[PDB]
Structure formats: C-alpha cells, structure tokens
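Listed next as structure tokens is one chain, alone, in the form deposited in one PDB entry.
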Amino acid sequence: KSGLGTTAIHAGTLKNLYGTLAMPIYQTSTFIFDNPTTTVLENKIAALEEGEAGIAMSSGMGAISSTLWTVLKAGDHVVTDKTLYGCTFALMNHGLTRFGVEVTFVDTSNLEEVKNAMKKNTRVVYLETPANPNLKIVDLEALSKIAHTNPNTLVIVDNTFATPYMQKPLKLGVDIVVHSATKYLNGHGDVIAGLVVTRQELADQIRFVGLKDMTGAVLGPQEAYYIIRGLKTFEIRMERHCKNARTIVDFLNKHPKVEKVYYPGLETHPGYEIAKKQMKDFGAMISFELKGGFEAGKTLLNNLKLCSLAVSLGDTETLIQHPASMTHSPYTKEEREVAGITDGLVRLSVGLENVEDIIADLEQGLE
C-alpha cells in the first residue's frame, strides 16, 4: 500500500520500541539470558525486493558463497554465464570445481543454449542482468520457467546493478536474489556488504548452514547501520543516478572520438526489448568503446579531474575505469577479447554530481 521511498525509509522500523526513528547500533557480541540492527536491514531489503526474508553478510561474495554452500553438494551441477563479474567467476570455475560441483558456462541470453545445458543434477541456474562489461541483458522470466522444468533447480540472480528500484527478479519467478550492498544499496562507497532475499524456508537454511558454518561472513553492526542510513535516500539516489546517465549516454553516442556505447537504454542495444519489459529504468552503468583504443583510454582517464579512477560502482561520486590498462593488464589478447574486454572499452559508474559538471570533465578529457 506504500511507495519505494516510503518502503526504504520506514520498512522494519522499531520506533515504537526505542522511541527513536534511528535504529540504535547494537555493537555487541554477548547476548544475555536468564543482531537487532542487522535484522532491520534484512527486513528492509526483503520489503524492497518483495520477498519473505532477508539475510545480511559482510560482502557480496559472502552473500553468494553462503548461498551456494547451502544449496549445493558434491555431484550437483551448476549452469551460469561465460561472463560474470569476477570473484564469482573464480568461485565458479576454480572454487566449486575443487569440491565436486559441475559447472557449465553458456550464453544465458540464448534461451535454448540454457535449456540443453540442463541435466537432472542441475541444482542452480545463476544469472546476472544487466551484467559486466557490455551490460548484457538476459530475460529472467523466460529463464526461470526453462529452469523449473527441473523440480530441484533453484534460480539465483545477482540483482546488484539493477537494484530493487529497476528490477525485482523474485516477481519474474527467480528463487534467490543476491546483492552486493557495497554498490548502489548502501550507495556511499564506505561499506563492503552483501544481502540475500528468498523464501523464509530457504533463507533459514542459508543463515543456519551457509552463513553460520560455511562462511562466517557476518556483517558488522556499524556497517548494518551505515546501510540502513544509506537506504533512507535509496530512491532519490537511483532517480538522480538514472537521470544523469541518460544525458551522459547521448553525450557519448554523438561524440566523434567515441565508436560505440553499451547501454540497455539504447535501441541498438542487444537485449533492449527484454530490458524494457523487466526494468523500470535502464540503469546508471554506462560502457563505451573508444576510437583510439588502448592509448585513448589511458589518456582519457589520466586527464579526468572530476571523475575518479576506481573499480567500484554505485557510489555518489562518479567512477571510471579502463579494464585493459588497469584490471586486465596481465592478461592475454584472447583472454580479454572474448569476453568481453577490448582495447578501447571504458566503464563508467554515473554518480550524483550535477550532470553538467560530469560532462564538462568528460568533454575536456576526451581531447
């Protein structure tokens, strides 16, 4: 009965109990007989995703790994994408495989390539949309029905980029939604954290097996506070993030020194029509190709005076990165090529600065 800002600001409040609207910080570890702060944040994110239960962990990787250590075992099979955000790619290709888990990598945008990758022992289909680093879109509802043909399969979606402001995968059939709260949900570049939302049945097992026993990735109470506090402005931050991005996209698309732009809002974008039906907005992550390749990325980034060179995203400050010179410096040509880092690719996370100043720093920087 209540809107997104309202939900984020008030869901889970304990004002009738403490007399404060602001949740006290229970910086404690010894409860007495004869964590409250984290719970509020868990009830909040659940409300925002419209699921039954939330779980907080100390990082995005803590939220994913705790979930996968709970619902997997040796002998299980996992279907995911050839390109995921790293760290979860290392967990998939190197970590689970040392412990008897089969992992098939496919193009999740191809619906049938997902269908025929599936086996009796498939326990997890794990998806990302939008996804690094060309913002691949992927039809979550189409994929969830092509995976529940197997009555034992869970669909897990990393909803970090879209946030519950643009996408609620649990409404499109998904079973488990995971967030890197480090990005947009906290929003303030000062917290590593992760969140999970799923049914109460599943959530209780991820908390009491995967979190308590398999990772121990507890979120600190002060960090739980920082995220509750961050959420008070979640809605207007995403509004300004997305409003700034759209203008920056047009700037980059009509720029002579720029060859291509990757952005789910463009109609030239691959999964454009898919992106339009499941996303209320087209996101604040923009990627684009540079004409002058490697040395054009270096020179562009080395002249920007307002944008900050970093490999996080979702901060109130605008962050820019050039995977080839930085993140993927010690890689091969074909390691980077497919998929999908090229020599000119630049990643931008649009912050909340006044868009005129972001573009002015972009403009002078492109020359």
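The numbering used is simple: start at 1 and walk along the sequence shown. We call the rigid core whatever largest set of C-alpha positions still superposes within 1.5 Å between the two forms. Only residues modelled in both forms are compared.
Quick note: we don't show the form deposited in another entry, though the next part is all about it.
Comparing forms between the shown form and the other one after core superposition, the one residue of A11, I25, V355, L14 displaced by 2 Å or more at CA: After core superposition, the one over threshold is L14.
Large Cα shift (2 Å or above) at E335 between the shown form and the other one, core-fitted: Indeed, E335 is displaced by 2 Å or more.
Direction of Cα pair change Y18-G54 in the other form, magnitude 3 angstroms or more: Here the pair is closer than in the other form; there, farther apart.
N43 and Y18, C-alpha gap in the other form relative to this structure (3 Å or more): Distance between the C-alphas of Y18 and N43: longer in the other form, by 3 Å or more.
Mobile segments between the shown form and the other one - rigid core superposition, Cα shift of 2 Å or more, 3+ residues: Those runs whose C-alphas all shift by 2 Å or more are 14-18, 332-335.
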